[PDB]
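Structure, as structure tokens:
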Amino acid sequence: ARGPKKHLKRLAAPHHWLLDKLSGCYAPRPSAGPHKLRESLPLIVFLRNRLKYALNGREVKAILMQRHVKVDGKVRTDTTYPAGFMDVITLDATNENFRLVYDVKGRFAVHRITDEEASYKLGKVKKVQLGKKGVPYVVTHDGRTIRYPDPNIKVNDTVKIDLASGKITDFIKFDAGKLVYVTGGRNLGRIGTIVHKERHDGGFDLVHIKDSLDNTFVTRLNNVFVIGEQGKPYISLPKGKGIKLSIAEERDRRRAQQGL
Amino acid sequence: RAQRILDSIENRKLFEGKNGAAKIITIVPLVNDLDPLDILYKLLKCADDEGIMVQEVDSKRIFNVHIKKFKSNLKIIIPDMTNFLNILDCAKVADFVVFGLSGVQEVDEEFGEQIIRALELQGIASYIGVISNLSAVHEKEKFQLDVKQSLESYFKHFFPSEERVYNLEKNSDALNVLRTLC
Amino acid sequence: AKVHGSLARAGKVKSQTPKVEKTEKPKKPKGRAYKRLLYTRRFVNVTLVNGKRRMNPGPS
Amino acid sequence: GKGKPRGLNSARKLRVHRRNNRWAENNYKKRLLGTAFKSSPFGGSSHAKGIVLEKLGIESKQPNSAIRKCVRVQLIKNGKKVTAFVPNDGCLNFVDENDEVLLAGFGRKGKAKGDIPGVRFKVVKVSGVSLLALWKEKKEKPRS
Amino acid sequence: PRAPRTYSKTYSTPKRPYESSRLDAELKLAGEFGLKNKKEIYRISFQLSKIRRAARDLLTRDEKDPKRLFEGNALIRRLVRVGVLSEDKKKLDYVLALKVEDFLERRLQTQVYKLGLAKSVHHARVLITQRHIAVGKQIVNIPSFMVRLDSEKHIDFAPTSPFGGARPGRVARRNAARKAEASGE
Amino acid sequence: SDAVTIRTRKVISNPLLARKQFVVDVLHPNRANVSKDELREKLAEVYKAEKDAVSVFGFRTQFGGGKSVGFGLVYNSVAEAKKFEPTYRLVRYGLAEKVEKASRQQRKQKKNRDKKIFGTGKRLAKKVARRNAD
RNA sequence: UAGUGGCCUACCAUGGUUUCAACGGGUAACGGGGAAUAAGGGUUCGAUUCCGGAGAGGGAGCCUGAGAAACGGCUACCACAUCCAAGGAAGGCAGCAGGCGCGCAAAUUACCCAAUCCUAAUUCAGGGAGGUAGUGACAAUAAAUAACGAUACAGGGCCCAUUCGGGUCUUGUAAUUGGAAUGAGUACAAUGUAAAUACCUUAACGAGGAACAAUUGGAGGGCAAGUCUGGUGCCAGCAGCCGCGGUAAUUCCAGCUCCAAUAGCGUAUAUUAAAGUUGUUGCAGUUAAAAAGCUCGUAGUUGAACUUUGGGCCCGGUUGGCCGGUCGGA
């Protein structure tokens, strides 16, 4: 329809933004950049209505035209900026700093963090390739093009990328035992030490994956996200640790535990 | 539908122009007040062409003021209230008939309601009601709109083919008169 | 009738003539009290004619 | 075998079988040929308004025994001439010919309430004003 | 255009309006409870529709199904919380035996009557809407309030608008400033 | 506002706009509403700041009388209000001078009435103003 | 071409689709969640707040540009059609608010960027996108249109059952009551809002039945509710289907009076349901409509019977409880 789109209707947002059905007509459509449109979570969906530091849009831009907030070591100032998965948000406020990693619900939350791990970020190396002048390089999941990597690093691994300058420090291979995190599909926000791979020449590569409570589930491999070992995450994961409690046992936790 | 197009062409022959196309509009109020020298003038203070200038003590009654926005010469018969012998008799060429509705005088059971029954039961050619009340917009300050509702229903207790009956305080309702003519 | 003489009001004179049509009993006590009077009509004692009967109370 | 195939490949027959037996149903063939659009002078409507042609001549398709004060009418959305009817009958005084109605059926698309041919449409509202507040002796009940 | 607001339609009109035994057995509860319409009764008889349909739908699936063990175990724990279903009789079996007077009684339409301060189901029906009635703070201005089993104990007067003390009103000051005091003005 | 009870609940202290924003209780009993610039000089001094660092919106009642739930702002300085308050509320306060506009339709007419001239329109004051006068 | 390609083009080959329904025709056909349904299946509709497609009156065509076969862009044709000083010169409300015409059938030429957002070089500007107000019985929700005694009794009980002592309690007749008491409506007041309405708020003021009065359809069967009384006795009437009036009308005009639903009840068409009258579930063909004149036959639809039982070693997830050593539980 004659080139691109600029508006996103309310109810045409993804459900993980959790906008209210009334009070408006539209959604604050995310700009292009380091993430997908469909799992963006822009700046104003984070600020005004999940942290409530602003009450409406003009007060959001009152922050953003005052150079306070930071998204991964830079001074991003645009309202619809897609700070997506794994992106550290640091404030120049009363200095409380946050990550962007989901709950088990497939939805983002507020997760305040330390300064050991505010300093860096991660990424699924979605491509390793041999570009110009015979230079090997790697392309992670968001946008980064890191030159000259370890040649023993292949596709589907992960890195430990810094935020001051984009330097890979160490990596994680792909095998069993690897503490993992899913980005997409249904079991979004899960965790739990990959069982094994399935090759399926020309097709999807799915993967069998356990959890903490030993509850297997099979994603696709373009959503698997390896970040560890037998109990070794490389960030500070939020309260609840990603393991899916069922809705029978959140009417046993929110109802039978905190409800006396 | 083209025949229906032809149905909507030949009827646009006799009524649309200036050369032998000017219509009799006879203004007879139901009230002895409201005196249609202001109905010609204070109503048409929103039109502001020169039907104001010939709104004259030399009563013309052939008011061929070519109003410069809907392109028509006119004719408004302004009769005195008492000459009851042609008001019911000049109404064979007179298309547009306008009642004068007022809450000041109660519409009388021998004057007003019987002028209703006299203009009515000869067959009203076209009854486009106008509230011509200038001195009735402040008889209350506490939801005052009963001065209009009592007249909009009174147009509908016998001859109901108007929905609202218009105040003299909105702008385009004076050239809605010339819309009603053209 | 007389609009600004009698009936420009929604109602004060619905017809509030103390000259009554029915001899000072026009009060069908509307709504909830109407169905209350009908509950007094049907639930105290009454039966009228022989189970099956014609069509609005009268002698046989 | 009850005159039908059953085996679990025979649906090829069956949805072609019922396909040729729906036409023996009545309103199916009435509906899917647009016969309500090629006929039925409402044209699939629910009401129609039209001028009264004239007073009506009674042709006995039984029984209501009088000249039933009925109105030959011809519509203006179509122009297709139908005999009509007024309830609360009588009062043949209060509109001329070539004057307006609003038509609506009797309950079966009419077809029978009196000895008059094709009288199937109650008049609802003459000239925009009603009949039920005009048999109520507020206004007056029309003529042909 | 904004996101479409949804809206239900809560009364279920009957199959046969001219069924005389039903109409006689439907008027039996109007003046008993001091109601206004058969729509009042249609409210309850439309609640019974969805409740008695979900109850019969959940029994058709055999337990070890945790859906039956979740959606049933809160419905069974909700009508208790109103005060209609009884605590001893909750296995979603008695809920199909529950009837119209049970829901229609657990209402401050009634419950102004059968825990004192009544003087009629008319004298107090006018005092729901004259608001000489209360709960913990906020006057429950509608007789179909469906008292949730607990503020029953918290029945109180309005502190404004007397017979709970603290005022005279809108007719004393044409009368106790002319007759009851001002015989001599 | 007898039994005054201005209970400061749901307090968020924003550093990023230098604001102390919170919802406000006010128990009325037996008298009417508790105005803009009537609480605004009463909660100001006992809550850490001045009268120009006060702002008010919310504020209706609950059913029956007495309790009204408002939402009050009180800023960490005073010229904070001159830049972060929306200008309608200082027009509602007198801390702003309302530059009186014409209308919506009038400005939209005037925008269109000068888009039909390329430049500044100084020449047409002398161009056609002398020729067709003949 | 941005690129695959009969997409063309030049020579070749003679193919390809089809009774497994080609091709052709009609659509009152924009496709997907929805609706009415409600034993289940089936049925009919889907312009419509979301997604995708298409168009800016109908067909072409091209520029700028990352992006358009763009129309609040352009050129031409075709259909219209404005002013004119007779010399172009001007133009697309299938955007908003309005007009005409068409219908049965559908709002006000308001206020404003406060909000949801979008665009810009950009905290600042613009936005009929949008929100708010006005019309609005589409559809939906909650609820007005009024109290409790006393007093004359009727009783049902019943009090102590020496009931055989009168009324503790009520059913209504009671218009005799009895003062206290209030809202719809008018209002300071301030909240309410970008500015105002209202709506929770709130002091002052406004009720007695004449108050401040709830209508709408029926009153022969299906279909509650009189064979009541007058005028009416085929005269109209009444009838969705049947059925009465010819003079003893429960069915006519009226007076009563009553019956339902209740600020809501009718009517018109359309669909669904009951409708095993579309039947795969789940009909029917001797006579009620329906077995053909009888064989041969192809496509289709089915198609005879056979292929590793009985028992041992334990593991014991679950239950019976004499065990009860825990006094609802192993």
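Because the Cβ atoms are built from the backbone with ideal geometry, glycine has one as well, and the counts that use them run over all protein chains shown. All of the numbers you see were taken from the coordinates with simple rules; none came from a lab.
Going by the conditions given, is D:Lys80 more than 7 Å from RNA strand G (Cβ to nearest atom), of a type outside the set (S, T, N, Q) and under 18 Å from the mean Cα position of the chain (by Cα)? Yes; evaluated as a whole, the condition is true for this residue. If you go through the range A:41-60 one residue at a time, do you hit one that is surrounded by fewer than 19 Cβ atoms within 10 Å (Cβ to Cβ), within 14 Å of chain F (Cβ to nearest Cβ) and touching a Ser or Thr at 6+ places or on another chain (Cβ under 9 Å)? Yes, some residue in the range A:41-60 is surrounded by fewer than 19 Cβ atoms within 10 Å (Cβ to Cβ), within 14 Å of chain F (Cβ to nearest Cβ) and touching a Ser or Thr at 6+ places or on another chain (Cβ under 9 Å). Restricting attention to the range E:4-40, the residues that are in a loop (DSSP other than H, G, I, E, B), without any contact (Cβ under 8 Å) to a residue 24 or more places away in the chain and near RNA strand G (Cβ under 6 Å from one of its atoms) total 8. Evaluate the range A:6-13: report whether one residue or more is closer than 20 Å to F:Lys20 by Cα, more than 16 Å from the chain's Cα centre (by Cα) and more than 6 Å from RNA strand G (Cβ to nearest atom). Looking through the range A:6-13, none of the residues is closer than 20 Å to F:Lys20 by Cα, more than 16 Å from the chain's Cα centre (by Cα) and more than 6 Å from RNA strand G (Cβ to nearest atom).
Matching residues to (1) crowded, with 18+ Cβ neighbours inside 10 Å; (2) basic (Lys, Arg); (3) away from RNA strand G (no atom under 12 Å from the Cβ):
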{"position": "F:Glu41", "(1), (2), (3)": "no, no, yes"}
{"position": "F:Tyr47", "(1), (2), (3)": "no, no, yes"}
{"position": "F:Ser55", "(1), (2), (3)": "yes, no, no"}
{"position": "F:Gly65", "(1), (2), (3)": "yes, no, no"}
{"position": "F:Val74", "(1), (2), (3)": "yes, no, yes"}
{"position": "F:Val78", "(1), (2), (3)": "no, no, yes"}
{"position": "F:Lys83", "(1), (2), (3)": "no, yes, no"}
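B:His157 falls short on exactly one of the conditions (1) within 15 Å of the chain's Cα centre (by Cα); (2) under 29 Å from D:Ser130 (Cα atoms); (3) outside any helix (DSSP H, G or I), and that condition is (1).
Being within 14 Å of chain F (Cβ to nearest Cβ), within 9 Å of RNA strand G (Cβ to nearest atom) and surrounded by fewer than 13 Cβ atoms within 10 Å (Cβ to Cβ) is not true of E:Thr160. Contact annotation: no residue pair with Cβ atoms under 6 Å, 6 or more positions apart or on different chains, pairs a residue in the range C:1-19 that is closer than 18 Å to B:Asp146 by Cα and within 11 Å of RNA strand G (Cβ to nearest atom) with a partner that is acidic (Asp, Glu) and part of a loop (DSSP other than H, G, I, E, B). Can you find a residue that is in contact (Cβ under 8 Å) with a residue 12 or more places away in the chain, touching a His at 6+ places or on another chain (Cβ under 6 Å) and on the phi < 0 side of the Ramachandran plot anywhere in the range E:138-153? Within the range E:138-153 (the criterion being in contact (Cβ under 8 Å) with a residue 12 or more places away in the chain, touching a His at 6+ places or on another chain (Cβ under 6 Å) and on the phi < 0 side of the Ramachandran plot), the answer is no, since none of the residues qualifies. Taking (1) basic (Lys, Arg); (2) more than 9 Å from chain C (Cβ to nearest Cβ); (3) within 14 Å of the chain's Cα centre (by Cα) in turn, E:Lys9 satisfies each apart from (3). Entry remark, the range C:16-56: residues being part of a loop (DSSP other than H, G, I, E, B), within 30 Å of E:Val126 (Cβ to Cβ) and touching a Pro at 6+ places or on another chain (Cβ under 9 Å) number 2 in total. Only a single item in (1) without any contact (Cβ under 8 Å) to a residue 60 or more places away in the chain; (2) more than 14 Å from chain E (Cβ to nearest Cβ); (3) among the hydroxyl-bearing types (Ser, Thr, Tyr) is not met by A:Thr183, and it is number (1). Scanning the range A:14-35 for residues being surrounded by 15 or more Cβ atoms within 10 Å (Cβ to Cβ), more than 8 Å from RNA strand G (Cβ to nearest atom) and part of a loop (DSSP other than H, G, I, E, B) gives a total of 4. Among residues of the range C:41-60 that are away from chain E (no Cβ under 14 Å), those with a beta-carbon under 8 Å from a residue that is part of a loop (DSSP other than H, G, I, E, B) and more than 6 Å from RNA strand G (Cβ to nearest atom) at least six positions away or on a different chain give the pairs C:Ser60/C:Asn50.
When each of D:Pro63, D:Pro87, D:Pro41 is tested for being in contact with a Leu (Cβ under 9 Å, 6 or more places away or on another chain) and near RNA strand G (Cβ under 9 Å from one of its atoms), the lone residue that passes is D:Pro87. Any residue in the range E:61-77 that is within 12 Å of RNA strand G (Cβ to nearest atom) and part of a helix (DSSP H, G or I)? For the range E:61-77, residues within 12 Å of RNA strand G (Cβ to nearest atom) and part of a helix (DSSP H, G or I): absent.
Could you check, for the range B:107-129, whether at least one of its residues is more than 14 Å from RNA strand G (Cβ to nearest atom), within 11 Å of another protein chain (Cβ to nearest Cβ) and over 26 Å from B:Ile24 (Cα atoms)? Yes. For the range E:116-129, the condition holds for at least one residue, the condition being that it is basic (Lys, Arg), under 15 Å from the mean Cα position of the chain (by Cα) and within 13 Å of another protein chain (Cβ to nearest Cβ).
On the basis of being more than 8 Å from RNA strand G (Cβ to nearest atom), in contact with a helix residue (DSSP H, G or I) (Cβ under 8 Å, 6 or more places away or on another chain), away from chain F (no Cβ under 14 Å) and in a loop (DSSP other than H, G, I, E, B), does E:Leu149 make the cut? Judged against the criteria, E:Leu149 is a match. The single condition among (1) free of Cβ contacts under 8 Å to residues at least 24 places away in the same chain; (2) away from every other protein chain (no Cβ under 14 Å); (3) in a helix (DSSP H, G or I); (4) aliphatic (A, V, I, L, M) that E:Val84 does not satisfy is (3). Residue count for the range F:9-39, restricted to those that are among the polar types (S, T, N, Q) and either exposed (fewer than 14 other Cβ atoms within 10 Å of the Cβ) or within 10 Å of RNA strand G (Cβ to nearest atom) (or both): 4. Looking at the structure I just gave you, is E:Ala176 of a type in the set (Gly, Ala, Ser), more than 30 Å from the chain's Cα centre (by Cα) and either within 11 Å of RNA strand G (Cβ to nearest atom) or away from chain F (no Cβ under 14 Å) (or both)? Here the answer is yes, as E:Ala176 does meet what is asked. Scanning the range A:88-102 for residues that are of a type outside the set (A, V, I, L, M), in a loop (DSSP other than H, G, I, E, B) and free of Cβ contacts under 8 Å to residues at least 60 places away in the same chain turns up A:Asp92, A:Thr94, A:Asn95, A:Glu96, A:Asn97. Residues in the range A:44-87 that are near RNA strand G (Cβ under 10 Å from one of its atoms) and not in a loop (DSSP other than H, G, I, E, B): A:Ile44, A:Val45, A:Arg48, A:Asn49, A:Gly57, A:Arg58, A:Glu59, A:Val60, A:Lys61, A:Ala62, A:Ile63, A:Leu64.
Among the residues of the range D:116-144, those that are within 20 Å of the chain's Cα centre (by Cα), among the charged types (D, E, K, R) and part of a loop (DSSP other than H, G, I, E, B) comprise D:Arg120, D:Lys125. Out of the residues in the range E:33-76 meeting the condition of being at the interface with another protein chain (Cβ under 10 Å from one of its Cβ atoms), within 19 Å of E:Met146 (Cβ to Cβ) and aliphatic (A, V, I, L, M), tell me which one is surrounded by the most Cβ atoms within 10 Å (Cβ to Cβ). For the range E:33-76, the residue satisfying everything is E:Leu35.
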